[PDB]
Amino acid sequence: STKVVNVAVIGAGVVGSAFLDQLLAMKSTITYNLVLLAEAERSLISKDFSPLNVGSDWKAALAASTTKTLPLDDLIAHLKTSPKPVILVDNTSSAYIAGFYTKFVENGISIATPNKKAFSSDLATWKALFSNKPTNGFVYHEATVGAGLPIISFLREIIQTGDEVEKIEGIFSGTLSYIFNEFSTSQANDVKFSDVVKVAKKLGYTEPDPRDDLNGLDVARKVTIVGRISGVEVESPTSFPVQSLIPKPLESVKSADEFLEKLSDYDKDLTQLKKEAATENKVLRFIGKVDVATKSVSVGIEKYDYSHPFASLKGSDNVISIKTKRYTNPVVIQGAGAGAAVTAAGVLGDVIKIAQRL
């Protein structure tokens, strides 16, 4: 195509690898020259912004590189000299990098990313990333919430058309969704919370240290983002009630292994609350809630009648219910909210969106 955009990638992790794969295989009218690939200290950099001749097994080419990664300030300066609109893809979860988004944006560099950090920081940095200055680059982050699901794009669309979001309620975590779906079920089950958590770990459905999936911290970030888009100036992921499923007695312990090894000793506590559902035929489930009218945001265990939808989800599917002035009966979008492929496509979906816009 006559249209050309240069893509600067960072992150060759699980998501990132899937991304690159999907990008390099996408045949499109528009032309996407991969001008940079960085993973930790190594990098493949095309000084003159022509497309890197990587192709198949970029992982290897990257691995064979003698090029050291540029410090972000230097990266920005470099990217500034680009002859064509630049899109920076950040497939990490780095705070450092996120800490640079405003520098990127104000310098004409657009960003596409699944990295929730920059969007779950202080409101000031948020307002800055979306000021739409003439000289600013575009900022898309669909993968930030629900992964590939059209959560952010839909919210932004209906708000532009004149709609007013009233309430959001959803399960925004694949790990926590998998867990409760197995633990708390319509049938009076008997599975020990710690058991499904051990399954979640081994099936790869969980972060190295499951405490990182259990502190709710991640769900709070996502809800901060949806809350801010819905019109609620959430100050941060800690400025509202968030319930950590971590047993106080183990907040101490150093080894993730020790934690998981002792997690069972507290099953009788969580099983209690699942047993106290009986208050109506109800099931428990970790959710993120946002009430616009009263600026109320929160994340923690919630209970629904065996008959409610949340009581019958799929594997790690994590749904979200959007109630707006126009949508009296909420919009419910559900599906996989984790996984390299699904997540990466959400990121590529955003890259196409930016490129068509440049």
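Start at 1 with the first residue shown and count on from there.
Asks: Out of 15 to 23 and 330 to 338, which stretch has the higher average CA B-factor listed in the record?
Replies: Between 15 to 23 and 330 to 338, it is 330 to 338.
Asks: Looking at the deposited entry, does 189 to 197 or 95 to 103 carry the larger mean Cα B-factor?
Replies: It is 189 to 197 that shows the higher mean C-alpha B-factor.
Asks: Just the C-alpha B-factor column, please: which of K117, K268, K222, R228 has the biggest number?
Replies: Max CA B-factor in the entry, restricted to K117, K268, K222, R228: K268.
Asks: Going by the entry, which of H78, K133, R156, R285 has the most elevated CA B factor?
Replies: Answer for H78, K133, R156, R285: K133, with the highest C-alpha B-factor.
Asks: Please place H141 in the lowest, middle or highest third of its chain by C-alpha B factor as given in the entry.
Replies: According to the entry, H141 has a C-alpha B-factor in the chain's lowest third.
Asks: Should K59 be placed in the lowest, middle or highest third of its chain by the C-alpha B factor in the entry?
Replies: Middle third, going by the recorded CA B-factors of the chain.
Asks: If you rank the chain by CA B-factor, which third does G108 end up in: lowest, middle or highest?
Replies: Lowest third - that is where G108 ends up once the chain's C-alpha B-factors are sorted.
Asks: What third of its chain's C-alpha B-factors does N6 belong to: lowest, middle or highest?
Replies: According to the entry, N6 has a C-alpha B-factor in the chain's lowest third.
Asks: Hey, what third does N215 fall into on Cα B-factor, ranked over its chain?
Replies: Lowest third - that is where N215 ends up once the chain's C-alpha B-factors are sorted.
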